[PDB]
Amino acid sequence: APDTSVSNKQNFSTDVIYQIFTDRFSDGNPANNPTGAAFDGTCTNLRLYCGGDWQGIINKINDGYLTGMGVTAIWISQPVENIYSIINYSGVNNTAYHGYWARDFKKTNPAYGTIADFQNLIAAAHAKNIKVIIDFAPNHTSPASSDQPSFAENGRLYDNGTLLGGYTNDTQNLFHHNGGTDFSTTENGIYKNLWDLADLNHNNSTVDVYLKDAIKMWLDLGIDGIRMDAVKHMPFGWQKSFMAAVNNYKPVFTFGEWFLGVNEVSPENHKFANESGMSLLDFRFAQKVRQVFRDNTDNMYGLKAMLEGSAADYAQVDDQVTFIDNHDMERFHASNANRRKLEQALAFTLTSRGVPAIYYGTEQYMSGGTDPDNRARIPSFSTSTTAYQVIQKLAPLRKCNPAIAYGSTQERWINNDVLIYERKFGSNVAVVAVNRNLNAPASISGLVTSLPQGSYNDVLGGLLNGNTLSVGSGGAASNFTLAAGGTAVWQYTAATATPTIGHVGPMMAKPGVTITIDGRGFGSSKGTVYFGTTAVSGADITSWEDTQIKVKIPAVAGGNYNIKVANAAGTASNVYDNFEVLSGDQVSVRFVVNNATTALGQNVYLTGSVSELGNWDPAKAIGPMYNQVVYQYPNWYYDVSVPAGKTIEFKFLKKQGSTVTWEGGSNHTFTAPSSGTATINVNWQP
C-alpha cells in the first residue's frame, strides 16, 4: 500500500485528525445513556453526561459529515471503563463523561458503548478511510481520599472486573502516597498526585505489567494510534519502556500531551519528543499561532521564529501534532470576533508541517471558555460554513501533495502581518500566503519561489480572498496585492525521480520488527535499505513500492542509526536520522545511588554497557537524576528503560556543563528482570 493508505498506522503526516469528545458529539444510541443525576440530555450542564457515543460517531461517518470535510482520522475519548460515582465538588456535581477517570483499563465505558460497538466503530471508520485514535491515560485512576475511602470509588483499580486495589490501605503500593504536586518541578509533578487523582506507581510490577497488557488488547482491537495523557507526569524511562512494548508488538503512531504555556520553550520537552519513542502535541505551535492570529500578542516575525526553531529542536518535527485549540484551552473563536482569524489559523495549520488536529466544532465556530465551557455539544452538522469549506479544500492536499505532508518549510516573504512560506518535497511545491491584517492590504513585490514558470490559481478558489499568482522565470512572482485578511495557497506537483524518504515509523524498536518507510521515488523494484552501513535486501524487505517500503530491522547492535535507501538502480536517498535500535525488549528499572554529593550546578548521571545507558558515552548519559521526592539528596534516583534479562555494567557520573567526573572503583553490575520492574540501590564509589 501507498504511504497515504488508511492502513498506514505509522504515519499520520498525510492525515487530518478530528478530535472528538465522545459524549459531546452525537448520541447514536440513547439506550446506553446514563440515567438520573449523571445525565442531562439537554446538555446544559456541561459536567454531566450528555449521551454522545460510538454509534453517534459511526452515524456521522456514514452520513458524510466527516468525510465531507476531508477528515481522515478521528481521535476519541479514553474508551476504558470509568468510575460511576457522581462527584460533588463543593456544590457541583461531576461525572466521568470525559473518560479520564479510569477504573478498569480492560473494559469499555458503557456510556460510550460495548466492545462490539467499538469494533463496529473501527470497521466503519476503516471502511471510510478514517484512522482511529484513542486517548490512553495510564498516570492515574480516579479521584481518591486516603482517609475518606467512601469518597468517589477510592481510586479503585480493576483488572477486567477483578479488584486489584484501592487508594486506602494500599499495602501493595499500587499508588503513590506522596501528596499533591504544586507543579513546582518536573520531579514534583511526576511522583505526587495530580490534584486528587490516584497516582499510579509504575515502579510496582503489577501496575507495570497490567498497563502493558491493557494496551495490547486495544491494539488487538485495531486501533491506529495512541494519544497519551499527562506524559509530563509519569516517569520518562517508564514511558519509554511502555513505547517499546507497543512497538515491539504492534506499532502505532503515539503522541503525548505535554502542556506548554505561552512563550514557553522547554528543553525537557524536546528531549522527551526526541528520545521517548513518542511525539507530542505541538503546544509551542498552538500557543504561537494563537498569539499571532488570535490575541495579537506577537507578529509574523514571532511565527517565523517558532517555525525555524521547532524545526531545529525536534528531531522529527513532522511528527508533532499541531492545533489551534483543544479540550484544555479556550476555543479559538471568540463570540465577538472576526471569523476570518479562525479561518486563517485553520488554513495555516492545515498547510504547515506536523500532524494537524481539529477540535470538534471548530468548523462550526464554537465559542467557549475553559473547562467545561470548551466542551459543549456540537450545535450543528452544516457543511455550509466557510471553515467547513476551508478544511474541505485543504485537508486533501496533505494526501496529494507530499510537499505539505513532508516538505521543509521556508519563509519567502515577510513583514509584521504577512507571511509567505514555501513547502518543498521532491518535485512538489506549495506556497502559502497569509495576511493577518484584517484592515490593510499588502503590496507584495520581490517574492521568489520554487514554482515553475506559469500562472497559479488559488487552491482555496478565493474563498479567503486569495488571488492568482504569476511566476516568471527564475521563480520570481510578479507584484501583487494580497487582500486584507487574505489567504492563498498555490502549488505544483510532479513525479519525483529519485528516492526521497519522507518519513519513518516506528522510530524505536528491537531487531526483527518491521518499520515503515514513507516517501517518493523508491521505484517499483526492491532496492536496498541501509541501517547505518548495514545493508538489507531481499526477503527482509517485506514490501516495496514507489511511496512505501516495509522492512524488518536487522539484528545489529542497540544504538542510533541513520537510514537510507537505494533503488534497484543503486541511487541513494536522503538520510533519515535518529532511529533507535533497541537492545531487546525493555524493562523499567529504578536506579538509586547513595551519597553522591555534588556542588551547585553539578548533577549525577547514569551510564553503562548498553546503548540504553549510552554505551559509556558521558555525552549520552541518562539524567540528571532526581533527588527530592522518592529519595532525598545526596541520594539520587531514576527510572530507566533497559534491555530485559541482560547483565549490565554501569557507573554514575557527575556532570557540570560538559565536564565529567567518574565514579571510582569498578563498574557496578546487575541483571535486568525478564519482565516487571526492579530497583537497584548502590553507593557512589569515590
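Residue indices: 1-based, along the sequence shown.
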Mind pulling up the entry and telling me whether 88-96 or 607-615 has the higher mean Cα temperature factor? 88-96
Tell me which stretch has the larger mean Cα B-factor in this entry, 25-33 or 637-645. 25-33
Can you pull the Cα B-factors for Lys288, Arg398, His233, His202 from the entry and say which is highest? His202
What's the residue among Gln491, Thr385, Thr500, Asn439 with the greatest CA temperature factor in the PDB record? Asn439
Going by what the PDB entry lists, where does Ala572 fall on CA B-factor within its chain: lowest, middle or highest third? highest
Cα B factor band for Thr661 (lowest, middle or highest third within the chain): middle
Record-listed C-alpha B factor of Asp318: chain third: lowest
Is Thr67 in the lowest, middle or highest third of its chain when residues are ranked by C-alpha B-factor? lowest
Cα B factor band for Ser7 (lowest, middle or highest third within the chain): lowest
